[PDB]
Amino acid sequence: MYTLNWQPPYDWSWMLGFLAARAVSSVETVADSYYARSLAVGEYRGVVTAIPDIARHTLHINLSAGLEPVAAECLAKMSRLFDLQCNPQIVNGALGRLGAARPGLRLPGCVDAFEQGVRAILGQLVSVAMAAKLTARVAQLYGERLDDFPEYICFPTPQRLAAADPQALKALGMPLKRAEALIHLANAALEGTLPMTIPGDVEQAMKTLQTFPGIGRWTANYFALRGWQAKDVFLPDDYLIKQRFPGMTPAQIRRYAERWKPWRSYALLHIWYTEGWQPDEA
C-alpha cells in the first residue's frame, strides 16, 4: 500500500542476497522480489512486506492490521534497513574505481538497533551462517509468536532477554560470557543506555559501547555500521578484511581506509564483495 522512493541505481539482488544470508528463521522471509518480517513497535505487532518496483524506483510497503497505528514508524525502519536515502552519484563519485563494479550497492541497516546489537554480539567469531543459526535459537526461546501469523515470531524484546537465565542462553550454543553480554545489552536497552538512533559523535559513542562487557571494537564498529547506519566507519579488525589486506596491522589498514573518508562504510562493503581485491599495486 505505502510507497517510498529511492535513487537509481539500486542493486536489489545484492541487497536481498545480503539479507537472505543473514535471515533468521521464523522472523524473516527473503525472496528475489520481496522482503517480509515480523515487526514490533511498542505493543503494536504485525508483518511488514517490502516489494521493490524497479521500473519506478519505488518500494511498496504493506503492513498487517496490527502495525497500522504506527505505520509511519514502520516506514522509517524500512527506509533505514534499505538505505533509501543513499545518493549513489555522491558515493560512487567519491570511491571512484572501487565501486565501479556494483554502483547500486547500499548499506544494509536494521529495523531495530537493539536487535542489531544482539545480532552483532552473536556474530562474534562464528560464520555468518552459524550466527544466523544461533540467533534463530535465541528468537525461538525468547521471542513472541504473532497471533495472526503463527508462522512468524517477533524478535526477543529487551525485557525478555534481560530476565533470561545466562545458563539457558549458554545451552543454545554460546559461551557464558557471550550470554552475559546479551543480557547486559538488554538492560542497557531498557534503561535507554544503548543509542537507538545514530548519535552526533559516532567515535565517542563507540567508546562508551566498548565499556559494555562482551563488546570489543569489532562489535562496536559493526554495530555502528548496521545499527546506526554510520556511513564513515571501516572494520580493520574484521576477519575477511584482514584477508583483503594481506599482512597488514589493524592500524595500517585504516591509515589506508582513510582515503575513502567520509564513506568508509560503503568502501568496506565494496571490499567485502570484490572477490579478489587487494591494496593498490604501488
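Start at 1 with the first residue shown and count on from there. Here the rigid core means the biggest group of C-alpha atoms that line up within 1.5 Å when the two forms are laid on top of each other.
The stretch that moves more in 7 other deposited structures of this protein, judged by CA deviation after a rigid core superposition and choosing between 248 to 256 and 225 to 233, is 248 to 256. Two stretches are in play, 163 to 171 and 105 to 113, and the higher mean C-alpha B-factor belongs to 163 to 171.
Just going by the entry, 172 to 180 versus 80 to 88 on mean CA temperature factor gives the higher value to 172 to 180. Among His60, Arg56, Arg37, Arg45, the highest C-alpha B-factor in the deposited entry belongs to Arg56. The PDB entry assigns its highest CA temperature factor, among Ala50, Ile253, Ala220, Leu67, to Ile253.
Split the chain's modelled residues into thirds by C-alpha temperature factor. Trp228 is in the lowest one.
In this PDB entry, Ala129 carries a Cα temperature factor that places it within the middle third of its chain's modelled residues. For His270, the recorded CA temperature factor ranks within the middle third of the chain's modelled residues.
When the modelled residues of the chain are ordered by their C-alpha B factor, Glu73 lands in the lowest third.
Ranked by Cα temperature factor within the chain, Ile121 sits in the lowest third according to the deposited record.
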